[PDB]
Each structure stands twice: as structure tokens, then as C-alpha cells.
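Have a look at the structure below, then the notes.
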Amino acid sequence: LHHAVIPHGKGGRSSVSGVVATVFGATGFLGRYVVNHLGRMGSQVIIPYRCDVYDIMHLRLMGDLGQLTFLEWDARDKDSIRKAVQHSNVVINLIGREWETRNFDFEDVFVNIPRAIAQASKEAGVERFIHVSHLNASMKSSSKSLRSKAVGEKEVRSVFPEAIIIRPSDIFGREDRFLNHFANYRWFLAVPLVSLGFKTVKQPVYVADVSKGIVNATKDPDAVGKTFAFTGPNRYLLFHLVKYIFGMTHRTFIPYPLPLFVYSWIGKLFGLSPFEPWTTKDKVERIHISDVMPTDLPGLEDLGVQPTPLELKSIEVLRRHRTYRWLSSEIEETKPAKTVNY
Amino acid sequence: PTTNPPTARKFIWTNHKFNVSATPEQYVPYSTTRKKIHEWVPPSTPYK
Amino acid sequence: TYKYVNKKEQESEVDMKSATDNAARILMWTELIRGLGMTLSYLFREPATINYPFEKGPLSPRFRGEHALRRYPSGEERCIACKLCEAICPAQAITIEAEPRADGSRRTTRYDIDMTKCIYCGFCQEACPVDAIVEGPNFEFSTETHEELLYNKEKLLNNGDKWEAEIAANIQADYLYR
Amino acid sequence: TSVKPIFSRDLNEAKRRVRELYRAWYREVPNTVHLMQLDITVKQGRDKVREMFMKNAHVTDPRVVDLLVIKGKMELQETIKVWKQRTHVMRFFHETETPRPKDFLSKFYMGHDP
Amino acid sequence: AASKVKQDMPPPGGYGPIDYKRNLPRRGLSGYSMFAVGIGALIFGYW
Amino acid sequence: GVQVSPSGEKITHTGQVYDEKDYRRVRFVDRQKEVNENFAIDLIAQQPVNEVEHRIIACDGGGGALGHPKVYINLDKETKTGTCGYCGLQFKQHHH
Amino acid sequence: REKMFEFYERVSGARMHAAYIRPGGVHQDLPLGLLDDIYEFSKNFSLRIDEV
Amino acid sequence: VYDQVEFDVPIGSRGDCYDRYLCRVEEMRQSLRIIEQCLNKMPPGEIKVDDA
Amino acid sequence: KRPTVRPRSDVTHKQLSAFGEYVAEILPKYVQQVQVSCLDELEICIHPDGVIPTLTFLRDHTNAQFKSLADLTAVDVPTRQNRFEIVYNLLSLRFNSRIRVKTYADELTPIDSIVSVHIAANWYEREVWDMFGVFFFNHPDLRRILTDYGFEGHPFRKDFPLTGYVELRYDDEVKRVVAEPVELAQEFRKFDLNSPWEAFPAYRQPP
Amino acid sequence: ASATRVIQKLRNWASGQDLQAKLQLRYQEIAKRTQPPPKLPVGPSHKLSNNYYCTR
Amino acid sequence: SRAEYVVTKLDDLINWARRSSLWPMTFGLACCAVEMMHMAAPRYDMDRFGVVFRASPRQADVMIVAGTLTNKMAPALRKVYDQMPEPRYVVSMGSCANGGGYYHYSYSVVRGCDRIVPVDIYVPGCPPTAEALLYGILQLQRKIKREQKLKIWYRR
Ligand SMILES: CCCCCCCCCCCCCCCCCC(=O)OC[C@H](COP(=O)(O)OCCN)OC(=O)CCCCCCCCCCCCCCCCC
Ligand SMILES: NC(=O)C1=CN([C@@H]2O[C@H](COP(=O)(O)OP(=O)(O)OC[C@H]3O[C@@H](n4cnc5c(N)ncnc54)[C@H](OP(=O)(O)O)[C@@H]3O)[C@@H](O)[C@H]2O)C=CC1
Ligand code: SF4
Ligand code: SF4
Ligand code: SF4
Ligand SMILES: [Zn+2]
């Protein structure tokens, strides 16, 4: 270890961790938690951003002086990546997107960009490269995002064979697109589900556990070159999950069945939004795709994390949707969701 | 200063710069010191 | 001695004239019309507003703003690492590390000032026995980053090499009063 | 061995006071998880109350116990009234403090601290 | 030339005299005047 | 002078520069490293020796109360030159 | 208040927090021409008190 | 040097916000009265104790 | 006559000493070690059982009308077994004189409140409690006054570190302000400044 | 001073005072910004005889 | 008639509005609030620049942390900031707010408001000359001049 990387201190905001990370995608739902957990134990975080400097403020405070170093980059410009990974010992590609744009395709974000980042990280002397694929990812899935993600992790491993690949499930938090989505269906007065939610399984995990797992894989020497499956402890059926949601939200739950060949058309329409669409055909298909069973893959308890069940961390997400009549309602008033094995 | 001008000194700048914050050509702080403690340089030969 | 502010009131004597005057005051709002007149007078006065950043507020040579390390006219640094400046700095903002320069002189390697800790008190420039550290006149040195406000030897030396034409004159003006 | 007593001339009366205080806290927890909109259950709060109480179970001087009860009543006042926000209440749970291990060997691997 | 002690001392004879007492002046009409004006205006308007 | 290192970073008058493998050079990415190009050692070397006809000379720097405390320097050793401890001015006994 | 801050600044260097009064007296004598300005300010301040 | 400078203390009768406001205004006026004297009679000499 | 030294009058010394004799012989049950200083200031030290009687006498008695409680302080001296030196500075408008009354306390040795005498002492006693840990009796509302709402410790105790034990920040994870153990980027620098040469031989402590 | 003999009358009547003689602005009635150099005095303890710090 | 040019001009307009109308919040903690006032005073007329102190956070656009931030006050500061609606900027005024300042090593001071909220501009001084605080306001104006949000949206 270089004399400036030896860890010193007790693991506080002003300590040293020995970690010099370059986090691609820090301006997202998960990147902010990752950067918080990194700057919390005194590590250097290099945060390349394409967005406006006004959208990195919430990050500017989650690290001591000099621990956060921001940079302007572009996915197409390869030098923008070399300059970022030029001094790191870790790289964390969280780049992703739940919809395609005028200028970017699922392929572009899930295959090429990770592949270039990995080429540069390898050529630059990086020791670790953490990639975040999906749990349900496969070259044989109906959704295009999952096919692209599987191809992308294949390429990342063909360019960086020691790349830690992390495969989480539908993540839930405050700024998420899963519980807030299943809560905001209410604006349409009813919940359209395929097969009435049955036949579908969801094993969701809290984002803080995922960030802890990433930050611990940063410095866990038994994790190099391994795949992980970050999944929650309990499996649910989409029906009972959404019912528990509307219970915490205390809204009226009117579920009706809906075949997928019209729900996907609905999703296309909604996706035509030139802004951030409220839903998409790919987000639809990603829903209603059952959740793979652990199938021997390592996990959070092997990284050093005890998963947090949804029944403890749902209200801090779903109290924002309640009305004045139900705000103060406690957690125990809501009947928990049925758990399954399948 | 057109009548009572300052005194001439080599080290004085000949081109004044404005506040250069949030740009390149700005100020980044660093340690002006050298290493205090030096590590042992392991040999390039094995014991055999 | 002392005086009364609201005891002036003496025993009550009232006439028809006094009653009518108080009545007009109460009915025509005399005393308020006078405040209206004052505010009117102020409307037709010249405002004290300066046109910043073109014309600026006055100052005096003694103004203590941004710090700078000076030099002798030969270019040699005035600091000798005596450390009075950090020994008295009541904010513990100064940090110094000295070492014999190759030529043997007593000079610094580190001279840092956390300008987020400085209270801009001036004790360092009145303690410096060589008039090396000063608190210059510049106050327009705000930043977009906290790190920029943690000055080191090079920053202060550059400031000194930037403001000397002004620092030296203000000193020449004020150094008899000290 | 002879001193002035604050309130209790023996440990049993101090224990009576401690029990009164435990009852007050046990009864209050629900009202303040409702009011402060805390995102915890009512059982976690009472477990935390019991833990903070046991934190000082080793005391035997009635004066220390009386002062601890005074401090606890001060806090219970600050909480019954909403003078303190959910921040100060969740300070008790230390949700962010990375828990230092009691394993000699881990303490050895990270740092020189005993 | 030479050099005597120089100091921001007041000028010989002292500074001018400073005003510090209240001078809220006295103005206005007589009261009877105000009421007469108002009453005459009312009467003319009524006519 | 301001010499550069194999990494391009400039070496300050303190001899400080980051090693090529040091991660602490990200702070200078898309930014600059502030150094003072006027090294006082070279400058005070560029000044000449002030001869004197007295064995003991004083040095207040210059400007009187604008310089440094007045120190007195012995100049017996004709091979060496006396250097002020505050400034770096050199003095030599003219007649030796 | 701004003019009196100017007095401060002239005599101390700071407008507001002048560490000027110190055990033994004051750090630094008055600068030439300050008492005149104080007189010019005091000869008029009464008028502003009257306005208020 | 108070006890070398003459001034009047303003005093209220009804302990209300009005009497206090008047007391403050008149204390400002008396501060002017005091500044006049401090200006006219300011002695020469040093400013800090002659004990180094 | 000398311009640097401070003019000293013995008349006030005599006045205050006579009044100290007065107080000592009129309250023998409580008074300890009356004393007067080179600077003219009267200091009456007492047993804490005498707080209320002493202060009430000094407020109500005719030759002593100290009916304005200027200050109320404490002083930690960890050496002595009773650390806290509680101080009552008082003022007589009728005689234009001041006086100071002192007691002593401990971590586990509380005293009585004087809000029945001087209502000005409510907040001052709350401050003493918050800062040093001294508990007062029969206080209407004794809580914290200056410290945070969940603050542990009494910061003015010499044994309490200047920088404390915790430190606050904002955590996006929980979306709250949290308290973490202290960790500084620059540690406070302790300067040993005491000269090793006796400076005032009038206060020399014989061995 | 820039006023013009009519606004002055108006505002003096409205306020009831002679403002033109007492202005909130400083027109060259102030000490300069470049004063000569001073020659400060010295205190009493600057003698060379009968000045022993044990006395004072 | 390129959409990129049109978007650049539209963003210029957006920023001009949000810039020439900056309504701060009546939030002053310590001495530095006095220089805030003085910057509201005739010599430096704030409204001259479009600046107006509104007392409700739900109406303000920026908050100047004008003094020392204690641990007993940080929750309220973060709450108020949270309650300010985006776009929201922050200005640290003085040395107490930037890094604790003269009270950095105290047990009841946060060593920088940048720990509790994110700061756009730092104004040094103890206290900062009102002229300096105005310099900082205009520095903020320019920073807003350089937001380029809609260009980013169009490039996405
Ligand atoms: C033969 C005749 C037959 C006809 C019959 C009629 C005869 C004429 C009678 C004239 C009567 C006078 C006109 C009545 C209006 C005034 C009413 C009034 O006097 O109210 C006074 C009220 C109390 O004042 P106060 O000092 O507190 O006394 C309290 C009692 N102890 O305080 C007030 O109400 C006033 C305070 C209001 C403050 C608000 C701000 C006022 C702003 C002043 C603006 C003035 C400009 C006017 C513009 C008008 C143009 C439309
Ligand atoms: N439900 C979830 O959140 C799940 C997440 N994951 C994985 O986690 C990762 C992040 O999730 P999340 O953070 O929620 O995604 P977000 O959309 O919340 O943020 C993703 C990041 O991708 C960056 N990004 C996307 N496209 C580009 C581009 N073309 N150029 C530059 N930057 C780009 C964005 O930067 P900007 O926003 O500034 O453009 C943003 O910071 C993704 O890779 C996803 O596959 C896995 C399973 C489920
Ligand atoms: S002005 Fe005062 S606080 Fe600032 S660096 Fe100098 S001595 Fe320290
Ligand atoms: S007081 Fe002056 S000479 Fe001494 S260490 Fe400080 S800057 Fe250098
Ligand atoms: S920085 Fe100085 S002026 Fe500003 S609040 Fe702190 S102590 Fe007061
Ligand atoms: Zn010299």
C-alpha cells in the first residue's frame, strides 16, 4: 500500500479509509447512498457527473474536505473516463436507466459504457471493478433491459475478469421508482395488474443494504471475481405487496386484471413523454417478471449485511403519500404482507 | 497612481487576475511538506 | 443629574382654545400628516446609494482583510518561522513547519491559514517582527468551494506578489501609528 | 460513611422512584411515536427505555440514583412536551454509528486502539 | 526642518457648539380655522 | 526555478511534489497547482555582496521601522561572508 | 451607523469587531482628521433623532 | 473619565415601552452631549500604559 | 502619584472590613473566612446551609439592602473534595456598594435555591445545573437552559473536553441530523505557556 | 446640494427644518484621505534616570 | 432555427429571471446579520438588485447563514432549507458558518454549515464587509448565469 492509502483513524467522516473510488452514476437513487457510506468512513470519492452542478449539492456535504472530487465527463468521450480512473483503486459502475432516449439506447448504457469503463480501469491499474447488473438478468428475458444487462456483464467480465458483479432485485427507498410507483398508481383510481398480481414474485431489498454491500466488497478479499445476488429476506406476490403498499398509504385498493398486450401499449404511450416517463413498456415487462430464486448465489450476509425487511422501512417511504387523516397512523395498524416460498 | 505611482519590484505581478473561483486556473490546497517518515526499500534479490 | 421624559405633565388647566386644538388634532390627524411630510421630504433628497461594483465604499489603510506574505525588495521572504503569529492567533488558524533552507537560512515549508477560522483580528501582523504577514485590503475573495479558503504558503506568497503595490503604501501610511 | 441524602434515605425508596419513572416512560412512548411521526414501532421504544435504564443498573448510592431519576424526568419532560424533535429521540438508537466490535482481534486489525 | 509631536488633537478654542436638544417645531393652523374651513366646505357643497 | 517532475507536477521551493502513484493528484485534475514562480533563494543569491570598511556592520534591512531588528555582523573571516539572519544580504570586509 | 462603522474602521481597521480597547488603553492612536469628522457627524445627528 | 464629563440621566414614570423608548432617545442625545466634551477636551500623550 | 500604577484608597477597605465584621458577628452560624482584597471587594464565605438566611438578611436588613442579584456562578476546582465554588455577587443601590457571597458544593451535595429571595436566580441556577451538574432544591422548573435537548455532560467542568465527545452532521440515508463521535481534521494544539520562574513572591506557596 | 431652490423649499417646509444646512451626505466637509505623517509622543516611563521598574 | 440555440436562449431567460429576482430569507443568527442589514441599507440597496427578504421559506430562494450554527440550531436550519422550494441556493456568510470560526473547537458548534446543508458560495470575514456579501450575491448571480439545465435535458 502507498503511504497515503494506509487507513488511519476510527472510521469517521474525517478519517482515512484507504479507498479511492470513482463512482459512475452517483447522481442517482443508489449512487447517493453509496457515496454517503463511502464518505462516512473517510474515503476519497471521485464523482464524474454529466448533469448540472445544481444536482450534486446533496452530495457535496456527505464527505469531509477534499474527500469528494467532482468531474465533468461524457460517455462518448473516452478521455473523460481515463482522467477519472487515472488515480482510483476502485470503480463502481452504477450507470443505468429505465427508459431509452433520443440519444442513448439500453445497449449504450448497459453494454458499451460499462465496457469502456472497464477497459480504462484495467489499462489504468485499478484493482477492483464493481458492476451492478440485475438479478433477473438473462439473454432470454422478455424485457430488453435485462438482455442488455446480461450482455453488458458478459463484456465487462471479458474485459475485466476480476470484476465484482452485483445483481440486486427491485430496490425500494425514499427516492425509488418501485414503492413510489406502486403508490402513485392511485392517481388513476385503480391498480391494473397482470394475472391480478398472482403468478409474479418479488424479493425486494432496501437500498442501504445494497450500498453497504458495495462498500464492503470494496475491501473484501474473498469477493474478487465473484457474482452476488442482493435480495431481501422475504418473497411476496405482487398482489399482496401492492395491497400492503396501499395499506401503508391507507388509500383505496381496487385491483383488476389486465392482459399484458394492452398494458404494454399503455406503457409505450406513457413512454412517449420527452421528459422522465411515468412508466414504460420495459418497466412493465420488468414488473410481472417473477423473481429468480437465490439459486446458490452469494449475498448480503456473505458481504457482512443483515437485510432489512420491508415492514420496517416502508413507512418512511409511504408516509409522503398518505393524507392528513392517516399521516400519524403507526406501522402496526397495517396488516403485513403474506410471505411465500415458491 | 498616474501622479503618485507605486514602487517597482521584480516579484510584483504585471497582469492582475480576478477571482477565478469555479474555474480552472483556480486555487487547490495541498501539503507543502515532504515525506516525514520513510519506508524500508525491500531488496530485489531473494534469500537464495 | 436626571430628567423626566413623560412626567412633564402638570395639573390640568383647560380652555376652549386648548380643547378645540386637541379636537382638531384628534379629528384631522395632525400628528400623522407630519410623518407624511417627513417621508415626503425624504423622497426629494439624494439617496445615499452607491453604484456598486463601479463606485465603492470608503476604507482606511488600517483595513484588515485578506492575508499575504511579503518580501524584502530583494525578493527574499520576510518570514523567519518565529511562530508568534500562530502562538497568538486566537482562532488557531495558522500552521507552520520550518526547516533550514539549503542556503542555511531559517525559513518555512508550511504556512497555512484556515480562512474559515481566521477572525480577521490583526494580531498576526502586529506580532510579526519583520512585517511579513499582513492583513491586506482585499475583501472580494469569496469562493464556490470550502477548500479554496484554506490558504498555504504559495497562495499567500502570490497574494503578496499581487498586492504589494497597495500593502506597502498602506503600511508606509500607518506604520508611524505603531 | 455519613453523608447528606438528596431524597432517598435508602436504595428502596430510590427504587420506588425509578419504578415510577419507568411507568411514565412506558406510558409515554406511544404518544411520542404518534406525535413525532417516528418510523419505529412501540416495542422498539420500550426496549430502548429498558436498555437505557439497565445502562445504570449497577449503581448502589441512592444519591446517584436520585440524580439519574432527576435527569430522566427532565428528559421525559422534554419529550412529553415536544421541545425535542425526532432527531434527538432517534439519537438514542445510533442508526449510523458503525458498531465497534468487542473482538480483540478486529480491534487489532483496525487501528491501535485497545 | 524639525519635528514636533503631532497628534489628532482638537483645534485651539475647541470645536463649535453642538445641538443635542429636541427641536420638534410648532406649526399648523389654529383649530378654529380648520373647523371653519371644513364647515364652510360642507355648506357650499350642500348648497 | 520551477522544475517539473516525471508526472508534470511542478516542484515547489519546498521540494514538494506528489509521486506518480499518489492518488492525491486528483485535486489537480481539470484544475491547476498553485506555485510561486519567484523562488526567494535564487533571488537573494542574485544580489551582490555589499563591501564595507568596518569590521562590524549592522543590518536593519531597509526603511528602518519597515525592515527587521537591527543585528550586528562580524566580518573577520576574510574567506567567508557575513549573512544577516533575517534577510540574506551578504557583507565583506573591503580592506580584509 | 455606516459612518460610525467608518470611524471604527479608520481607528482599528474593522467596521464592527475592533479589538481596539485593550488592557492598558487602546491598540493604536487616533489617525489625523478623525475628530473633525466625528464633530461633523455629531453636529447633525440630532436632526435625525428629531425626524425619528 | 466619567465624573469629568457632565450628562443627565433620563428617567421614566410609567414603566412602559414608551418611557423606555424615550429614555433611549434621550440617552442618545446625552451621548452627543458627552461626545462634544470628549472632543473639545482630549489630552495629548500616549495611549497604552508605559509598562512594556 | 505614579502614573502607571492604580490609585489605592483605604477608606473603602475599612468600610467593607467593618461591614464584614458586622455580618460575621450577626451570622456566626454560617459565616466562614470573611476577607477583603487589595482591590476593594468584600467576600463572605459560608456554609451552604446558610444560603437562604444570609441572602435574605442581606436583601431585607436595613444596613444591608443588597436586593439586586447581579450574577450567580460556579467555579470548578477539582483539587478540593468539594469542587464547585458557588458565588453570589450582589449590589446595594442605597449604599452604592457590592458584595460577594460564596459557598461550596459537590457532584452529590446539592444546595437550596434562592428564587424565594431573588427571582433573578431561576435561570442562573438552571445554568449552573446545565454547566456543572449542581442540583438545587425547591426550584420551580429546573431543566437545561443552554445545552442541546439531549446533551450528556456538564461542559464547564474542568474534566470535560473543550471539544466534547460527539459531533453533528446530516445523513441522507436517514434524512436527519445525527450525532457521531468527535473526529477533527486539525486537533486543538495545547501550548505550555507557564514560565518556570516565580512571578509574584507575595503568593508563594510554602512547602 | 444639487437641489434647485424649489425642492429645497418644499422639503424644508414638509420637514419643518433647515435641512440644507444639515445633510446626510458628505460633500468635501470631511478630513482628507491622505494626511501628513504624524510624530507620536512618548509616555513618562521613557526617562534615563530615576526609572527603575521596581518603583513603578 | 436550431433547437439547441433556442434552448440556450431559453435557459438564458430562465436564469435571468431566477437571478434578477433572488428573495432571501430572514434568517440571521449572530453578528453577521448586522452586515446583512447594512447590505439592506441605503448605501448598498439590495432591492436595487432585485433582492427582497421574505420571511417564509416557502417563498424564499436563497438563505444566507449569517452567523454561528450551534448543534441546538442545526435541525431547524436543515428543516427550513428542506422547506425551501427548488430551485434553492445557499450562501455561507462569515467564518462561523464556513468552518466554525472562532468557536471551531467548541462542544456546541458544527464546524461548518456545509455539514448540514450544501453551500454554493462562501463569504469569508468576521464579519464580512457588506460590500463583500454583495460581491458574493453577484458571484451567485453569475453561477446561476451558468446553470445550463435545458441544454442538459436536450442532450440526454
Ligand atoms: C354642520 C355640519 C354638519 C355635517 C356634520 C359633520 C361635521 C364635520 C365633522 C368633522 C369630523 C372630522 C372627520 C372625522 C374623521 C376622523 C375620525 C376620528 O377622529 O377618529 C380618530 C381616531 C381616534 O384617534 P385617537 O387619538 O386614538 O383618540 C381615541 C379617542 N380617545 O383615530 C382615527 O380614526 C384616525 C387614525 C387612522 C390612522 C390610519 C392612517 C391614516 C392615514 C391618513 C391619510 C390622510 C389622507 C386623507 C386622504 C383623503 C382623500 C379621500
Ligand atoms: N430499482 C432500482 O433502482 C434498481 C437499480 N439497479 C441498478 O442500479 C443502477 C442505478 O439504479 P438508479 O440509481 O436507480 O438509476 P438512476 O436512474 O437513479 O441514476 C442512474 C445514473 O445513471 C446515470 N446515467 C444514465 N445514463 C447516462 C448517460 N447516458 N450518461 C451519463 N450518465 C448516465 C445518471 O446520471 P444523470 O442522472 O446525471 O444523467 C444517474 O446518476 C442501475 O444501473 C440499475 O440497473 C438494479 C436493480 C433495480
Ligand atoms: S488576523 Fe487574527 S485570527 Fe486572522 S490569522 Fe491573524 S492572528 Fe489569526
Ligand atoms: S510572526 Fe512573521 S516571521 Fe514569525 S512565523 Fe509568523 S509570519 Fe513568520
Ligand atoms: S464570523 Fe465573526 S462576525 Fe460573523 S457571526 Fe461569527 S463571530 Fe460574529
Ligand atoms: Zn538584514
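A compact table of results
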{"read-out": "Hits in the stretch A:293-312 - residues which are closer than 28 Å to A:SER195 by Cβ and within 17 Å of the chain's Cα centre (by Cα)", "value": "A:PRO307, A:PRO309, A:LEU310"}
{"read-out": "Test: residue in the stretch F:44-66 that is touching a strand residue (DSSP E or B) at 6+ places or on another chain (Cβ under 9 Å), without any contact (Cβ under 8 Å) to a residue 24 or more places away in the chain and within 10 Å of chain C (Cβ to nearest Cβ)", "value": "no"}
{"read-out": "Selection count where residues are over 23 Å from K:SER95 (Cβ atoms) and in a loop (DSSP other than H, G, I, E, B), scope the stretch K:23-50", "value": "3"}
{"read-out": "Test: residue in the stretch A:190-206 that is within 14 Å of another protein chain (Cβ to nearest Cβ) and either under 27 Å from A:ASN93 (Cα atoms) or away from ligand 1 (no atom under 16 Å from the Cβ) (or both)", "value": "yes"}
{"read-out": "Test: residue in the stretch C:43-52 that is more than 10 Å from chain G (Cβ to nearest Cβ), acidic (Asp, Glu) and more than 30 Å from C:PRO129 (Cβ to Cβ)", "value": "yes"}
{"read-out": "The stretch K:99-156 - residue that is charged (D, E, K, R), assigned to a helix (DSSP H, G or I) and more than 7 Å from chain C (Cβ to nearest Cβ) and, of those, farthest from ligand 3 (Cβ to nearest atom)", "value": "K:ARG155"}
{"read-out": "Tabulated pairs, the stretch B:19-47, first free of Cβ contacts under 8 Å to residues at least 12 places away in the same chain, second of a type in the set (A, V, I, L, M), C-beta under 6 angstrom, 6+ apart or interchain", "value": "B:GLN26/B:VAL20; B:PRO29/C:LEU150"}
{"read-out": "Residues within the stretch A:136-164 that are among the hydrophobic types (A, V, I, L, M, F, W, C), surrounded by 22 or more Cβ atoms within 10 Å (Cβ to Cβ) and not in a loop (DSSP other than H, G, I, E, B), tallied", "value": "3"}
{"read-out": "When residues of the stretch J:1-15 are limited to those that are of a type in the set (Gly, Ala, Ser) and at the interface with chain C (Cβ under 7 Å from one of its Cβ atoms), the one farthest from C:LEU36 (Cα to Cα)", "value": "J:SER2"}
{"read-out": "Filter result (free of Cβ contacts under 8 Å to residues at least 40 places away in the same chain, more than 16 Å from ligand 5 (Cβ to nearest atom) and part of a loop (DSSP other than H, G, I, E, B)) within the stretch C:78-106", "value": "C:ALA81, C:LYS83, C:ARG101, C:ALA102, C:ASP103, C:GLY104, C:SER105"}
{"read-out": "Output for the stretch D:57-75, where each listed residue is surrounded by fewer than 16 Cβ atoms within 10 Å (Cβ to Cβ) and touching a residue at least 40 places away in the same chain (Cβ under 8 Å)", "value": "D:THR60"}
{"read-out": "Verdict on H:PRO43 being free of Cβ contacts under 8 Å to residues at least 24 places away in the same chain, more than 14 Å from E:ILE18 (Cα to Cα) and crowded, with 17+ Cβ neighbours inside 10 Å", "value": "no"}
{"read-out": "Top-ranked residue of the stretch I:150-186 - restricted to ones that are among the charged types (D, E, K, R) and over 27 Å from I:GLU127 (Cβ atoms), ranked as surrounded by the fewest Cβ atoms within 10 Å (Cβ to Cβ)", "value": "I:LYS175"}
{"read-out": "The stretch K:82-94 - residue that is within 14 Å of chain C (Cβ to nearest Cβ) and over 16 Å from C:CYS118 (Cβ atoms) and, of those, farthest from ligand 4 (Cβ to nearest atom)", "value": "K:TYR89"}
{"read-out": "Top-ranked residue in the stretch A:45-55 [being closer than 18 Å to A:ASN93 by Cβ and more than 8 Å from chain K (Cβ to nearest Cβ); ranked as surrounded by the fewest Cβ atoms within 10 Å (Cβ to Cβ)]", "value": "A:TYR49"}
{"read-out": "Condition check for A:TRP73: closer than 30 Å to K:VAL62 by Cβ and within 14 Å of chain K (Cβ to nearest Cβ)", "value": "yes"}
{"read-out": "First in the stretch A:2-22 and at positive phi, second anywhere and polar (S, T, N, Q), Cβ under 9 Å, 6 or more apart", "value": "A:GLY9/A:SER15; A:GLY9/A:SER17; A:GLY11/A:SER17; A:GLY11/D:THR98; A:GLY18/A:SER43; A:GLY18/A:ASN89"}
{"read-out": "Matching residues, the stretch H:1-26, being among the hydrophobic types (A, V, I, L, M, F, W, C) and more than 9 Å from every other protein chain (Cβ to nearest Cβ)", "value": "H:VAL1, H:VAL5, H:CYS17"}
{"read-out": "Meets criteria (closer than 25 Å to I:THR109 by Cα and aromatic (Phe, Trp, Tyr)) for I:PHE200", "value": "no"}
{"read-out": "Some residue of the stretch I:114-134 being surrounded by fewer than 17 Cβ atoms within 10 Å (Cβ to Cβ) and touching a residue at least 40 places away in the same chain (Cβ under 8 Å)", "value": "yes"}
{"read-out": "Residue list for the stretch J:16-42, filter: more than 7 Å from chain G (Cβ to nearest Cβ) and either of a type in the set (A, V, I, L, M, F, W, C) or surrounded by 14 or more Cβ atoms within 10 Å (Cβ to Cβ) (or both)", "value": "J:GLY16, J:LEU19, J:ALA21, J:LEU23, J:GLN24, J:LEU25, J:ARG26, J:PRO41, J:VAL42"}
{"read-out": "Checklist (1) within 15 Å of ligand 6 (Cβ to nearest atom); (2) more than 28 Å from the chain's Cα centre (by Cα); (3) within 7 Å of another protein chain (Cβ to nearest Cβ) applied to C:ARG107, failing item", "value": "(3)"}
{"read-out": "Whichever residue in the stretch C:115-147 is more than 7 Å from ligand 3 (Cβ to nearest atom) and of a type in the set (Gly, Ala, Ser) and, among such residues, is surrounded by the fewest Cβ atoms within 10 Å (Cβ to Cβ)", "value": "C:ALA127"}
{"read-out": "All positions within the stretch I:27-54 that are within 16 Å of I:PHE66 (Cα to Cα) and β-branched (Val, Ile, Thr)", "value": "I:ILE44, I:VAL51, I:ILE52, I:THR54"}
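Per-residue answers, yes or no, for (1) buried (at least 19 other Cβ atoms within 10 Å of the Cβ); (2) within 14 Å of chain C (Cβ to nearest Cβ):
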| residue | (1), (2) |
| --- | --- |
| K:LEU10 | no, no |
| K:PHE49 | no, yes |
| K:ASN71 | yes, no |
| K:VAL80 | no, no |
| K:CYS96 | yes, yes |
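Every residue, every condition in (1) in contact with an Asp or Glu (Cβ under 8 Å, 6 or more places away or on another chain); (2) touching a residue at least 60 places away in the same chain (Cβ under 8 Å); (3) surrounded by 22 or more Cβ atoms within 10 Å (Cβ to Cβ), yes or no:
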position: A:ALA75; (1), (2), (3): yes, no, no
position: A:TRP99; (1), (2), (3): yes, yes, no
position: A:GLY125; (1), (2), (3): no, no, no
position: A:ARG128; (1), (2), (3): yes, yes, yes
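We did not get these values from a lab; they are worked out from the coordinates using the rules stated. Here Cβ is always computed from backbone atoms with ideal geometry, including for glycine, and neighbour counts include all displayed protein chains.
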